[PDB]
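A.B. asks: Okay, handing you the structure first.
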Amino acid sequence: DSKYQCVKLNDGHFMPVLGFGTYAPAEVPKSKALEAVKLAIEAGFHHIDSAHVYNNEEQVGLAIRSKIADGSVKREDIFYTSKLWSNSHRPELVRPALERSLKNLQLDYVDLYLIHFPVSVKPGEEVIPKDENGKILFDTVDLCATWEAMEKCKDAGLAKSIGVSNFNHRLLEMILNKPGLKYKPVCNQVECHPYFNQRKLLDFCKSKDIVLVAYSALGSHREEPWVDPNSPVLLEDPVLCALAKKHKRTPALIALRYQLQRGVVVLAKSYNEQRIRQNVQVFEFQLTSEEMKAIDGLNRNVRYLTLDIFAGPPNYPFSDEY
Ligand SMILES: NC(=O)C1=CN([C@@H]2O[C@H](COP(=O)(O)OP(=O)(O)OC[C@H]3O[C@@H](n4cnc5c(N)ncnc54)[C@H](OP(=O)(O)O)[C@@H]3O)[C@@H](O)[C@H]2O)C=CC1
């Protein structure tokens, strides 16, 4: 249809509340990203989420360009998000990174550009640069300077809105309390699901009118060594399955709806045609206050993606309570 559910960002732009995630483990051919995004748009997704580090923007861009060129959708009805990887946190390297992504995508602008992760690494083509002894080559960069460069990208029209990802309370306050701040981040994309519902960070973001965008909302890709294979399987949870049976939906759908009813914009990744179409069903039903509370009770406070290889530097975001 021509209309769909969106929320107003603090900069006046609108973000579709259901986004399609495009990250897929290395073993998965990039060609799959192309097919998956086209199906997502066909199914009704109007929000597509990617990043330079996913190494799929050429494919994701083609999918978008294809669905626009054949009349399926208009550019203004696609909300595309990219992210600035950590090897380009230095002010002077921010715009070149966005322009590189745009060249790969063959798009004129991105609807949203995020600082992907708060820990910086040395400049260069390598996303995770290491010295001869395997040590990650960390870099010292003032994120407030990185943000000013992000703001300039917005003023240049290259990015409609700018936000962050994997930022904690301290880091957000740092950007928000920054002298001469021109644009607040429109969002903070972080891991969020029933086992880690981010209640505290969520309320903080709400008090500043920052949209919290949940990733790994279905339990994550569970790809090693990024995620502990011993971690509980979210969609297998008994309460979610009970609710699924009750509503005649699926555990995945219950988990996605949960986020939508607590004011959270949710992402959902899937390269399976049937599950892709299934996910848009999140707009076909609603959960009661009691069901919502039952899901709140599932919080385990255990994080799936710690990205500890980036632990050590002061900016590592997951040490603080939130
Ligand atoms: N900014 C950041 O730091 C990060 C952002 N992300 C973003 O979040 C997105 C989603 O995260 P992850 O990638 O963590 O994905 P999700 O947690 O959304 O999905 C996990 C798994 O759910 C399966 N699934 C999808 N739909 C259903 C369904 N209806 N029923 C049962 N299983 C289902 C998928 O399998 P299948 O494909 O076989 O259907 C997929 O492997 C990414 O693609 C990326 O865009 C991810 C990590 C970090």
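Chain lettering (A, B, ...) mirrors the order of the structure tokens, residue numbering begins at 1 for each chain separately, and ligand numbering begins at 1 in order of display.
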Tell me, as an MDAnalysis selection string, which residues lie within 8 Å of residue 252 of chain A, counting only C-alpha atoms; anything in the same chain fewer than 5 positions away does not count.
C.D. replies: chainID A and resid 218 235 279
A.B. asks: Hey, can you spit out that residue selection with N, CA and C atoms as an mmCIF file, in the first residue's frame?
C.D. replies:
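After the write, selection-v5.cif holds the following:
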```cif
data_model
loop_
_atom_site.group_PDB
_atom_site.id
_atom_site.type_symbol
_atom_site.label_atom_id
_atom_site.label_comp_id
_atom_site.auth_asym_id
_atom_site.auth_seq_id
_atom_site.Cartn_x
_atom_site.Cartn_y
_atom_site.Cartn_z
ATOM 1 N N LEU A 218 15.310 -10.809 17.438
ATOM 2 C CA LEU A 218 14.832 -12.186 17.380
ATOM 3 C C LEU A 218 15.829 -13.182 17.967
ATOM 4 N N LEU A 235 13.725 -17.398 20.546
ATOM 5 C CA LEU A 235 12.497 -17.891 19.937
ATOM 6 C C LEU A 235 12.026 -19.239 20.464
ATOM 7 N N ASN A 279 7.138 -11.754 8.855
ATOM 8 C CA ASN A 279 7.481 -10.659 9.757
ATOM 9 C C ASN A 279 6.626 -9.404 9.629
#
```
A.B. asks: Set the cut-off to 8 Å, count only C-alpha atoms and all ligand atoms, and list whatever residues fall near ligand 1 as a ChimeraX atom specification.
C.D. replies: /A:20-24,48-51,83,116-117,165-166,189-191,214-222,235,250-253,267-276,278-279,305
A.B. asks: Please report the interatomic distance between atom CA of residue 313 of chain A and atom CA of residue 118 of chain A in Å with one decimal.
C.D. replies: 9.7 Å
A.B. asks: Find the residues near segment 151-154 of chain A: any atom within 9 Å, counting only C-alpha atoms, skip ones fewer than 4 places away on the same chain, and give them as a list in words.
C.D. replies: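 Those residues are residues 94, 95, 98, 113, 146, 147, 158, 159, 160, 161, 162, 181, 182 and 183 of chain A.
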A.B. asks: Print the selection's residues with N, CA, C and O atoms to a file, as a compact mmCIF listing (two decimals), in the first residue's frame.
C.D. replies:
```
# COMPACT_ATOMS: atom_id res chain seq x y z
N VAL A 94 35.15 10.99 7.79
CA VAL A 94 33.73 10.69 7.88
C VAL A 94 32.96 10.87 6.56
O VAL A 94 32.26 9.96 6.13
N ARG A 95 33.10 12.03 5.93
CA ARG A 95 32.40 12.26 4.67
C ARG A 95 32.89 11.32 3.57
O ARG A 95 32.10 10.81 2.78
N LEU A 98 31.14 8.06 3.93
CA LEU A 98 29.74 8.10 3.51
C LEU A 98 29.68 8.12 1.99
O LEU A 98 28.85 7.44 1.39
N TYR A 113 22.49 7.86 8.79
CA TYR A 113 23.90 7.47 8.89
C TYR A 113 24.24 7.41 10.38
O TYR A 113 24.03 8.39 11.10
N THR A 146 33.92 13.58 15.76
CA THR A 146 33.37 12.66 14.77
C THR A 146 31.94 13.10 14.48
O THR A 146 31.50 13.14 13.33
N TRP A 147 31.22 13.46 15.54
CA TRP A 147 29.84 13.89 15.41
C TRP A 147 29.70 15.18 14.61
O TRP A 147 28.79 15.31 13.79
N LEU A 158 23.81 14.60 2.25
CA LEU A 158 24.24 13.22 2.00
C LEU A 158 23.53 12.23 2.92
O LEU A 158 23.37 11.06 2.58
N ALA A 159 23.13 12.71 4.09
CA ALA A 159 22.42 11.92 5.09
C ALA A 159 21.27 12.78 5.59
O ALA A 159 21.48 13.90 6.07
N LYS A 160 20.05 12.27 5.48
CA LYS A 160 18.88 13.03 5.92
C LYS A 160 18.87 13.19 7.43
O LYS A 160 18.57 14.28 7.94
N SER A 161 19.18 12.11 8.15
CA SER A 161 19.22 12.12 9.61
C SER A 161 20.50 11.41 10.05
O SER A 161 21.04 10.59 9.31
N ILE A 162 20.99 11.74 11.24
CA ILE A 162 22.20 11.11 11.76
C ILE A 162 21.94 10.62 13.17
O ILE A 162 21.21 11.25 13.93
N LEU A 181 26.53 21.92 19.86
CA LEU A 181 25.77 20.82 19.27
C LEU A 181 24.69 21.34 18.33
O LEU A 181 23.85 22.14 18.74
N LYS A 182 24.72 20.89 17.08
CA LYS A 182 23.74 21.33 16.11
C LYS A 182 22.57 20.34 15.96
O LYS A 182 21.41 20.75 15.88
N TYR A 183 22.88 19.05 15.92
CA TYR A 183 21.84 18.03 15.77
C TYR A 183 21.99 16.90 16.77
O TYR A 183 23.06 16.30 16.89
```
A.B. asks: When you count only C-alpha atoms, which of these residues is closest to residue 15 of chain A: A:280, A:115, A:213, A:143?
C.D. replies: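 Checking each candidate against residue 15 of chain A, we get A:213 as the closest.
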A.B. asks: Between A:316, A:109, A:322, A:4, which has the minimum distance to residue 202 of chain A (counting only C-alpha atoms)?
C.D. replies: A:322
A.B. asks: Just list as a list in words whatever in segment 243-312 of chain A DSSP marks as strand (DSSP E or B).
C.D. replies: residues 265, 266, 267, 268 and 269 of chain A
A.B. asks: Return the single residue from A:91, A:71, A:25, A:185 that is closest to residue 56 of chain A, with distances computed using only C-alpha atoms.
C.D. replies: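 Closest candidate: A:25.
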A.B. asks: Quick one: DSSP helix (DSSP H, G or I) residues in segment 79-260 of chain A, as a VMD selection string?
C.D. replies: chain A and resid 86 to 88 91 to 105 143 to 155 169 to 176 199 to 207 234 to 236 238 to 247 251 to 260
